[PDB]
Amino acid sequence: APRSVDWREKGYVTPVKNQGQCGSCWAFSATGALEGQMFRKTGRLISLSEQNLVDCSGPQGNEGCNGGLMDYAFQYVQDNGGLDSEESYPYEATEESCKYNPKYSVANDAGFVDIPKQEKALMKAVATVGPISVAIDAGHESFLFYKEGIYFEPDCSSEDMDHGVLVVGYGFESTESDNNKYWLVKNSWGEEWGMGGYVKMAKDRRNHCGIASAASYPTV
Ligand SMILES: *[C@@H](C(=O)N[C@H](C(=O)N1CCC[C@H]1C(=O)OC)[C@@H](C)CC)[C@H](O)C(=O)NCCC
């Protein structure tokens with residue numbers, strides 16, 4: 001596999017969004033992965049509606065601001081036959097009744113692929129597919145205050161993920177401890193958090209924070 005990957009440089013990644021005070025991380029993770037696979041197919045990068053997922057994918061198992069799963073979001077897009085653009089169905093950070101309008105649908109998918117629960121398989125997926133939806137343990141103050149560098153949290157769990165984000169690449173940089181490898185992760189807490197909204201999460205450190213345990217992407 002390549003030693004460094006960054007899908008932002010290939011145009012697969014929209015700007016950082018902000019989920020506000022709603023537990024809708026899963027919706028931003030899913031739109032991020034579908035944005036990348038739609039661009040892979042069509043060469044047009046179109047921001048997708050998280051509100052559409054939050055309001056409408058309950059029948060697939062999602063619970064709006066009370067949490068969800070990216071895979072359920074991908075199943076909703078396939079079941080529904082579409083997903084509206086962000087511009088047409090703007091984000092409101094609260095669950096409302098479903099207002100999907102097929103006329104403004106700009107994305108589709110045909111299923112999704114779950115990645116084996118190893119960082120080696122995640123790396124191969126990131127290298128060959130595009131941005132990947134993943135779930136992490138983001139429940140530590142260290143993660144709130146992250147500013148730069150490779151994020152490593154000794155108390156991070158690889159089994160209890162609470163946060164859906166998007167791996168857009170990986171790479172390396174020299175460090176004091178010589179744990180040099182990172183996943184390049186897009187968060188949904190706005191551009192003020194972290195490095196312009198991104199975090200470098202420790203890679204190849206025993207599936208740190210569970211980043212490889214629930215990874216998937218939509219098939220377009
Ligand atoms: C994922 C989720 O939304 N996470 C949630 C979160 O990001 N916020 C809660 C309110 C505003 C943000 C925040 O922390 O801003 C600083 C918390 C619980 C993360 C620490 C959602 O709970 C979910 O569906 N998780 C399951 C895995 C996809």
Side-chain angles (χ1 to χ4, degrees), residues 14-36 48-77 83 86 90-96 98 109 112-115 117 119 122 125-126 131-148 151-168 183 185-202 207-218:
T14 65
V16 169
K17 306 171 191 193
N18 192 337
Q19 74 186 81
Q21 288 315 300
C22 159
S24 60
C25 62
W26 58 270
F28 290 79
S29 184
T31 60
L34 204 53
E35 287 163 355
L48 298 176
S49 176
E50 299 77 23
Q51 197 66 52
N52 186 340
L53 298 171
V54 160
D55 294 352
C56 301
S57 63
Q60 287 67 36
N62 288 330
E63 306 187 3
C65 291
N66 305 313
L69 290 188
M70 300 68 90
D71 276 358
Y72 295 167
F74 302 142
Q75 192 49 240
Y76 163 83
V77 181
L83 190 65
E86 180 92 73
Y91 185 65
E92 316 269 328
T94 183
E95 184 175 354
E96 235 76 88
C98 182
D109 75 40
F112 55 91
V113 172
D114 283 325
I115 292 159
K117 315 213 165 24
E119 287 188 278
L122 183 46
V126 178
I132 306 298
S133 286
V134 302
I136 58 166
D137 174 7
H140 302 86
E141 166 185 91
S142 60
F143 194 83
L144 275 286
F145 299 165
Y146 171 83
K147 284 184 216 272
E148 67 166 359
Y151 180 72
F152 182 70
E153 166 57 63
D155 298 355
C156 228
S157 161
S158 306
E159 322 185 325
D160 261 24
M161 294 84 90
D162 65 4
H163 195 27
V165 291
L166 189 76
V167 177
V168 303
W183 306 101
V185 174
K186 181 189 186 187
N187 199 6
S188 50
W189 290 353
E191 224 208 319
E192 268 89 11
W193 177 87
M195 310 208 347
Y198 279 86
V199 58
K200 294 186 218 162
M201 309 208 48
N207 181 49
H208 181 69
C209 303
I211 189 158
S213 282
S216 69
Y217 58 98

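Note that these values count all heavy atoms, side chains included, but never hydrogens, waters or copies made by symmetry. Atoms within each ligand, like the ligands themselves, are counted from 1 in listed order. Numbering of residues begins at 1 and proceeds along the displayed sequence.
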Going by the 4.0 angstrom heavy-atom rule, the piece of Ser24 near ligand 1 is backbone
Heavy-atom contacts with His163 under 4.0 Å: which atoms of ligand 1 show up? List them by number with element. 1 (C), 2 (C), 4 (N), 7 (O), 27 (C)
If you define the side chain from C-beta out and look only at heavy atoms, does anything of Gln19 sit under 4.5 Å from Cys65? no
Polar side chain donor-acceptor pair, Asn18 to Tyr91, under 3.5 angstrom: no
Of all the atoms in ligand 1, which lie at a distance below 4.0 Å from a heavy atom belonging to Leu144? 16 (C)
Counting C-beta onward and ignoring hydrogens, is there a side-chain heavy-atom pair between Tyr146 and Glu153 closer than 4.5 Å? no
So among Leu83, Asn62, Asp109, which one has a side-chain contact (heavy atoms from CB on, under 4.5 Å) with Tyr76? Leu83
If you count the atoms of ligand 1 from 1 in the order shown, which ones are under 4.0 Å from a heavy atom of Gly67? 23 (C), 24 (O)
What do the steps show when you test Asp137 against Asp160 for side chain to side chain contact (heavy atoms under 4.5 Å, CB included), and what is the final call? CA-CA 6 Å; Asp137 174 7; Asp160 261 24; 5.8 Å; no
Specify whether the nearest protein heavy atom to atom 17 (C) of ligand 1 is under 4.0 angstrom away. no
Side chain to side chain contact (heavy atoms under 4.5 Å, CB included) between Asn207 and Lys117, intermediate numbers included: CA-CA 9 Å; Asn207 181 49; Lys117 315 213 165 24; over 6 Å; no
Contact check: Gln19 vs ligand 1, nitrogen or oxygen atoms, below 3.5 angstrom: yes
Judging by distance only, is a nitrogen or oxygen of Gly68 under 3.5 angstrom from one on ligand 1? yes
At a 4.0 Å cut-off, with the gap strictly under it, does some heavy atom of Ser29 reach an atom of ligand 1? no
Could you check whether the rings of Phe112 and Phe74 sit parallel, tilted or perpendicular, using 30° and 60° as the cut-offs? tilted
Please examine the side chains of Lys186 and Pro131, heavy atoms only from C-beta on, and report whether any two atoms are closer than 4.5 Å. no
Contact region, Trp189 to ligand 1, non-hydrogen atoms below 4.0 Å, reads side chain
So, using salt bridge (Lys or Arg N to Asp or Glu O under 4.0 Å) as the criterion, who are the partners of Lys200 when residues are at least two apart? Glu173
Does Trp183 have its ring centroid less than 6.0 Å away from the ring centroid of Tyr151? no
How far is atom 11 (C) of ligand 1 from the closest protein heavy atom, and which atom is that? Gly20 O, 3.0 Å
among protein heavy atoms, the one nearest atom 2 (C) of ligand 1 is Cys25 SG, 2.8 Å
Starting from atom 22 (O) of ligand 1, which protein heavy atom do you reach first, and at what distance in Å? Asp162 O, 3.5 Å
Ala138 to ligand 1: N or O pair under 3.5 Å? no
What do you reckon, does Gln21 have a nitrogen or oxygen under 3.5 Å from a nitrogen or oxygen of ligand 1? no
Mind checking whether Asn66 has a heavy atom under 4.0 Å from ligand 1? no
